[PDB]
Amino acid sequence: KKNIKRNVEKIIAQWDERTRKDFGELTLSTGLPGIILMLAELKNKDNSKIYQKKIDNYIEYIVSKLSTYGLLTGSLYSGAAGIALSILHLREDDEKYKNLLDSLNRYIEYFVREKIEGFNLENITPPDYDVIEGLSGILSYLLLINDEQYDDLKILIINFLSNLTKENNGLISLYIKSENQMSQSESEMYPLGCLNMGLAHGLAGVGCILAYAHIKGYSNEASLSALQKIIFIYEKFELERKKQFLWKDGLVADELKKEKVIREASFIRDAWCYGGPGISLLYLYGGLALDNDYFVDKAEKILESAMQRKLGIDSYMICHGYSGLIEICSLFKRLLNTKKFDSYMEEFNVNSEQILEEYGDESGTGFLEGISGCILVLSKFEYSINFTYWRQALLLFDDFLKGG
């Protein structure tokens, strides 16, 4: 397939122009860190010395912007952890990469410690704890660093997350008040608030990160109890019968008090960020971390249901499109050696040319929603050695069974 090369070239031209002349451009979500990851994964390819030059260009461009403006966030998708993830594989190549990563890490530790200190549980909102902007996503990156100086930070985050699974409002903690929803659509969708049940912004994501922390060597009775409780909550509120393997995006106070779903959702979708595909990671990781065969076997059934169904899928993007579903299947196959998703993976790769050509320009070039995320997926099918840690950003943990 010669069409990856053409597309990459145009992406490079877009970013060469942009750097020759805003906040978004330093983010994993939409900016240079996602671009650096896509190009870095193309190292086997013929133009890889040109690609490494661009990477270094974009890196120097990044430090220059950091030196002038600073960062306001340590977050995986908008802050220092996403920038650090994007260059982590270069750590031992040159002193300049290691120097940059050390700065990022110290800022991250400062950032997290400062966040936990000024935390007010009454104002708890998803970016506090979540994958995209919060501590779960930051921990995903942190757990790739083997330096024991970060042990204290890791444990501080782990304890802080676990404690959010405790009952508060009499009963509550992770519950989000209507006022503290991330946008007004959600404020109006949830006028009495909700417990967010998505991977990206909710309970599954905390669960995954706690399971991953345990296999990495970082857990205590309380974090394991947080993980168990999270899975128990998924098991309790799972939809039934014709809606087996489905979950609403959010659970409201009364439903939680009743311990059943009361009001049906208007819109559930099959996505990484919300719904079955992302939720299947919780069961997979929980099942492997807790040595529960039932959870692992359920994880497969949940994902398989979503692959069959593809509820709400209208694009090939990572976040809530088909490339994200595919990459999750590829992770299942890698860890379990399951053949269940082989046909979907094969069909996606057969359709690869049409996927890139019809890929919207409206989604931009970035990782999370843009074309470069799709290229990353397609590229690791063609050459499965990962030169980078890009998968960490999606909580796809290739090392989950490598131990600690």
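Note that residue numbering follows the sequence shown and begins at 1.
Participant: Using what the record says, work out whether there is a hole in the model between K21 and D22 and how many deposited residues it spans (none, 1 to 3, 4 to 9, 10 or more).
Facilitator: Per the record, 4 to 9 deposited residues are absent between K21 and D22.
Participant: Regarding 186-194 and 153-161, which shows the higher C-alpha temperature factor on average in the entry?
Facilitator: Higher of the two, by average CA B-factor, is 186-194.
Participant: When the Cα temperature factors in the entry are averaged, is it 29-37 or 65-73 that ends up higher?
Facilitator: Comparing 65-73 with 29-37, the higher average CA B-factor belongs to 65-73.
Participant: Identify, among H320, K260, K242, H89, the residue whose C-alpha carries the highest B-factor in the deposited PDB entry.
Facilitator: Highest C-alpha B-factor among the listed options: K260.
Participant: Between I328, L282, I176, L139, where does the Cα B-factor run highest in the record?
Facilitator: Going by the entry's C-alpha B-factors, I176 comes out highest.
Participant: Could you tell me which third, lowest, middle or highest, the C-alpha B-factor of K96 occupies within its chain?
Facilitator: According to the entry, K96 has a C-alpha B-factor in the chain's highest third.
Participant: Looking at the entry's B-factor column for C-alpha atoms only, identify whether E114 ranks in the lowest, middle or highest third of its chain.
Facilitator: It falls in the middle third of the chain.
Participant: By its CA B factor, does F348 count among the lowest, middle or highest third of the modelled residues in the chain?
Facilitator: Answer is middle: the recorded C-alpha B-factor places it there.
Participant: By the recorded C-alpha temperature factor, relative to the other modelled residues in its chain, which third is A265 in?
Facilitator: Highest third.
Participant: Test of reading the entry: by CA B factor among the chain's modelled residues, which third contains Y58?
Facilitator: Middle third of the chain for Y58's C-alpha B-factor.
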